[PDB]
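Asker: how would this look folded up:
(8 chains)
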Amino acid sequence: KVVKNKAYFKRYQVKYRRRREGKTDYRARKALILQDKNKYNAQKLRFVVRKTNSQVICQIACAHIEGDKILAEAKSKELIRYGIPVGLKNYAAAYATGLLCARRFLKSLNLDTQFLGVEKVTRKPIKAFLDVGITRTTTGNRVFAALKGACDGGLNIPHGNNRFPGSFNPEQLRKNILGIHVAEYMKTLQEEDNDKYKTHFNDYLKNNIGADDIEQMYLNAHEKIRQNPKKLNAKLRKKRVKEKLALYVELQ
Amino acid sequence: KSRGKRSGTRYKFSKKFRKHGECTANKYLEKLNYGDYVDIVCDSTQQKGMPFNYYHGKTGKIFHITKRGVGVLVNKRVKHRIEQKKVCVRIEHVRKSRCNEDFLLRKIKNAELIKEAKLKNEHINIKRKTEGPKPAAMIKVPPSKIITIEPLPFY
Amino acid sequence: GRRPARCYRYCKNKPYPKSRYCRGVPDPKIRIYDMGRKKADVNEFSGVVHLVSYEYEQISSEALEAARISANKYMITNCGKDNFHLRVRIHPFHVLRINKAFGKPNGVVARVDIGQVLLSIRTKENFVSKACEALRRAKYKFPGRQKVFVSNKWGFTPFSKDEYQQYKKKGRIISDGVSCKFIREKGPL
Amino acid sequence: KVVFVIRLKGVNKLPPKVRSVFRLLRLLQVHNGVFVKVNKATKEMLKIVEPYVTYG
Amino acid sequence: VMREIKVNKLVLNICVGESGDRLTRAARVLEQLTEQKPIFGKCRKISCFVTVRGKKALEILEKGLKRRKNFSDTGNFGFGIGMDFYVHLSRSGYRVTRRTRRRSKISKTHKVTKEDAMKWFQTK
RNA sequence: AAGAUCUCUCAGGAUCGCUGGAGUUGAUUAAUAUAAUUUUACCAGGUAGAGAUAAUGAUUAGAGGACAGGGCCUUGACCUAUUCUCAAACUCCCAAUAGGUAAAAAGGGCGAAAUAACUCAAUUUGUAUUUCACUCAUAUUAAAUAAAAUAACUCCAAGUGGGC
RNA sequence: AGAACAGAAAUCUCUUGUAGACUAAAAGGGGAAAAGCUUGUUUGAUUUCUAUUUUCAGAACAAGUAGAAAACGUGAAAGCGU
RNA sequence: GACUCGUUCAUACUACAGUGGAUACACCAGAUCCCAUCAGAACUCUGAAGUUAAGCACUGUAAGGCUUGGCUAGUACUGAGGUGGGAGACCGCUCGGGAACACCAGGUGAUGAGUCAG
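Answerer: Numbering: from 1, shown residues only, chains lettered A, B, ... in the order given. Sure, the structure comes next:
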């Protein structure tokens, strides 16, 4: 039979618009939202990170019945203002992006001077919870870098070490947030071939950042950021049908 | 013969057409304070905290709250006597009631109206109207617009 | 063999159909259903008569079969097989059960409500009295009260004869086997 | 606005709601009369006991 | 234009339908033919295959060459030689079906079609 | 009263129910408690009904189409739009009746101040309690109506548990 | 709808696929980024104690529901697991 | 204009079309490392060479569906009354309450919080 029967439309129940679109999980969201119900006005602030192809977006979110309120929000293309012009999709960039969001949030609260957090790379603070945001929580994913930046900033988001590189290497994490592997790949590609090196990291070449310089630039920026955060109608359609019908009768 | 836990619940606990699928996320946010009134409406997208048949469609005061549980004082008719029963349910089935809200709204509206009236020393019947008989009135009907009727013949 | 049938004039007890729970029923007596010139176009005929229920009668499956055979034979003797179609417009579907504890299945039956057609004849205008007479012969084979009627419809349609002609005139009505499809002006051609 | 209601019917064989309404209405002994304030609520209660009372 | 029909997947099947060894030998033949490890069927292991992409796939297709009737409706095809072949074709944007955030249907006028696929095969 | 639960139990018994006496408490202030009642709010429903072209199961017919047997053709199957009649143990939809919760003073308001080992990031972020304030209808009574307190409640005990 | 052997079944591929599958077992409920299927890690199928629901005398057992005090299991984490 | 989080959970769907891409989304470029496999397809990571073709947005269709409203119909049904009618089956009256499918007409979204770009 024809599967796209009238009956098939008629029975159908759609899944929720955001799930249908594919942005949200819902199962994760419902679990994430709920606080223990005898607690009152504890709103369980989520640190939401979504990784768009261009750039990673970090927001502080609070669930309410007429929809989520965002308190602080940062996008990777702000790092340009802080001296990083390039690499805005990168892991390094994501660590920076997270950190920027946390500092701006604290500044808004006026608790920037209350907690200056972790200096460089190795009362109780305000608390938040990392969002998965539909990407797999596979080891070395970008969200964990963002989480680390937030944490190093000042926010307390409980975490394991498991999904940083290796099953633990803190030195590798330090290299990675600095960007040392990206530089290594640049050196490696240049050694391999000059055409491939220039064609690939073309924007980097234009801006004029040597591989060696990337860590310095990111470090300088990182230090700077911590210091200083039309429709028709029925009568009309009726007409349109009449006109179309007359023309169709003549035409063929 | 048998009378087990979900006995005779077929159509009652089943969802309406196009209303299958998990409890909406928003629904966990709703506020419950002690002594708030609360309906007990069964679901079946959740299995834990499902209440026995009788407390479907009943409504009572919240007396106790846990991590996801809510204690509800419900009246039950047992032969010659109502007695109070503490039904522990989970949040998915407990729904914030509206019956209370009518009275609460009335209090707010009354308070404002009373304050203004009393300030002017204008005596006032704040209590509910409770629809009286229809008062007398004078009505213009055009003598050309009136229609006259008869019962129809049979066919 | 069968019960004498004075038992079943009263149609109390719930319906109770041939079904997965019940199983095991003997066959319905009537498998014939419609008869006559069954393939005839809606254009050819235009007269229609009905034999219509009034009691709330049960109607035996065997009685129904007999009534149908009687009706048919009367038309065939009178106007022959070019000129009508006899459509039984009821069915048995309810099981009756008897003892030799709870009963065992034994027969099937039809349970019409008041004011429902039992037997319908589609035919040509010259032959409507003949068809009426056939239905009149049929009525003596049913329990309970029934009246014979004729209609102002084209027969096997919702439409009145005049309406049918009017629609046919302005091309809004398509003959589609048995009866007629009304054009409702929807989507592309 | 007002309605005088006269009861018409014995004590025996009375439905339980009807008996309750009668008690509130205040017509017990079988030819008892009382005035009742027409409203909505009173009229509905009166409707329940209707086959047992004349009024006007 | 951007609408270029290309190979999207190449799948190579060998089935003996029986127990090990002969199945293993087939897998070794497949492996030698192209490097990637085979994977196997069921239990009512029964059969073997491997998938290919890119330059490797093009080489296998090219050796394959040495008919109009038997293309799919959907715009894919295979042929027989012992060994079986199936060639899966698409324009780019095939990613829209599988990419995890947005998984969704490609447009009808962007699906391959039989006639275009045949025309490409003669052309190639 | 001939209900109910348990019973080597079905002619019994126990224990509840339903009854009398005794007593206290409370009312005795046209009242608040309260009511086999309605009202206004507010719910919860899936039975009568209704449906088959909404799903599942039945179930009678033809019409128009692009796969199987035989010689454009025949029997079809198979589709597509239709059609006749249907279901305690089918359900898109769905009454009436019946049922629940609501209708303020030991309370509620909007404030302050206290207290805690709880809460929260938060000695003030809440919670909850407590203490003070200010003040809510009441000369018909925060909707009617009420031989509405002849009420509550406790004790001791009866008969009854074949019914129609 | 396609692809040696290859047929109605064999595997492989693409398209269509709101459940027509599967969910230990009756039958009814419930379930599609799962409750299903596949994979990883595990043993909370733990100890102690309440408030209680069902039948009901508002006794018992039994089967649950909601917690608490422990100790843990898993997950990145919220969580979830008696 | 666009985005991120959402809300109502089909007026939001589906099917076939057209129209749109400053910045944005995206497709798209690549595989050294983290990572992931049968397969860089996915996933992950690293890019920014191309492109509106798709996704996506917007609009269209005597569209299907969904959704309001009429109309079906005071029909079906029903609470209470009746020393009513009917041999029976069942059916009226008095005080009340009152549907459904089909059909026909309209409609095809609305919106909270935060951000970027002229």
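
Asker: residues touching residue 21, list them.
Answerer: Since no chain was named, I'll use chain A. residue E:102 (Cβ atoms under 8 Å, 6 or more residues apart in numbering or on different chains). Quick note: C-beta positions are derived from backbone N, CA and C, even for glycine.

Asker: that's the wrong chain, I wanted chain B
Answerer: Residue B:21 is in contact with A:13, A:15, B:45, counting by Cβ under 8 Å, 6+ apart.

Asker: Sitting in helices, which of those residues do you find?
Answerer: The helices, defined by DSSP state H, take in nothing from the contacts of residue B:21.

Asker: filter these down to the ones close to RNA strand G.
Answerer: Taking Cβ under 7 Å from any atom of the strand, the overlap between the contacts of residue B:21 and the neighbourhood of RNA strand G is A:13, A:15, B:45.

Asker: Please verify my assumption that the first one contacts residue B:18.
Answerer: Okay, so that is residue A:13. Yes - using Cβ atoms under 8 Å, residue A:13 makes contact with residue B:18 at a distance of 4.7 Å.

Asker: which other residues reach the longest helix seen in chain B?
Answerer: As assigned by DSSP H, the longest helix anywhere in chain B is helix B:99-120. Residues outside helix B:99-120 that contact it (Cβ under 8 Å, 6+ apart): B:36, B:37, B:59, B:123, B:124, B:126, B:128.

Asker: Throw those into a markdown table and include secondary structure, distance to residue E:60 and neighbour count, thanks.
Answerer: What follows is the contacts of helix B:99-120, written out as a markdown table (DSSP: H, G, I helix; E, B strand; the rest coil; distance: Cβ to Cβ, whole Å; neighbours: other Cβ atoms under 10 Å in any protein chain shown):
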| residue | secondary structure | distance to residue E:60 | neighbour count |
| --- | --- | --- | --- |
| B:36 | coil | 71 | 15 |
| B:37 | strand | 72 | 17 |
| B:59 | strand | 71 | 18 |
| B:123 | coil | 99 | 7 |
| B:124 | coil | 94 | 11 |
| B:126 | coil | 90 | 11 |
| B:128 | coil | 86 | 8 |
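
Asker: Report the secondary structure state of the residue of chain C found nearest RNA strand F.
Answerer: Closest approach of chain C to RNA strand F (Cβ to the nearest atom of the strand) occurs at residue C:177, with a separation of 2.2 Å. Going by DSSP: H, G, I helix; E, B strand; the rest coil, the secondary structure assigned to residue C:177 is coil.

Asker: From RNA strand G, how far out is it?
Answerer: 28 Å (Cβ to the nearest atom of the strand, to the nearest Å).

Asker: Neighbours of that residue, how many?
Answerer: Counted by other Cβ atoms under 10 Å in any protein chain shown, the residues lying close to residue C:177 total 9.

Asker: Pretty sure residue A:87 sits against residue A:204.
Answerer: Yes - counting by Cβ under 8 Å, residue A:204 is a contact partner of residue A:87 at 7.3 Å.

Asker: ok now do residue E:104, which residues does it touch?
Answerer: Residue E:104 sits next to A:22, E:96, E:97 when contact means Cβ under 8 Å, 6+ apart.

Asker: check contacts around residue B:18.
Answerer: Residues near residue B:18 by Cβ under 8 Å, 6+ apart: residue A:13.

Asker: Tell me which helix or strand it sits in.
Answerer: Residue B:18 belongs to no helix or strand when assigned by DSSP states H and E.

Asker: Equivalent analysis for residue E:116, please.
Answerer: Using DSSP H and E, the element containing residue E:116 is helix E:114-123.

Asker: in chain E, which spans are helices?
Answerer: Under DSSP H, chain E gives helices at E:22-33, E:54-65, E:114-123.

Asker: Quick one: work out the angle between the shortest one and helix E:54-65.
Answerer: Meaning helix E:114-123. When axes from the mean of the first three to the mean of the last three Cα atoms, to 10 degrees is applied, the directions of helix E:114-123 and helix E:54-65 differ by 80 degrees.

Asker: Which strands and helices lie in contact with helix E:114-123?
Answerer: Contacting helix E:114-123 under the criterion 3 or more Cβ pairs under 8 Å, 6 or more residues apart in numbering or on different chains; DSSP states H and E is no other helix or strand.

Asker: buried residues in it?
Answerer: The neighbour-count check on helix E:114-123 (16 or more other Cβ atoms under 10 Å in any protein chain shown) flags E:117, E:118, E:121 as buried.

Asker: mind checking how far the residue nearest to the second one when sequence neighbours are not counted is from RNA strand H?
Answerer: Sequence neighbours aside, residue E:71 is the residue nearest to residue E:118 in space, at 5.7 Å (criterion: Cβ to Cβ, 6 or more residues apart in numbering or on different chains). For residue E:71, the distance to RNA strand H under the criterion Cβ to the nearest atom of the strand works out to 20 Å.

Asker: which phi and psi does residue E:71 have?
Answerer: The phi and psi values for residue E:71, taken as degrees, to the nearest 10, are phi -60, psi 150.
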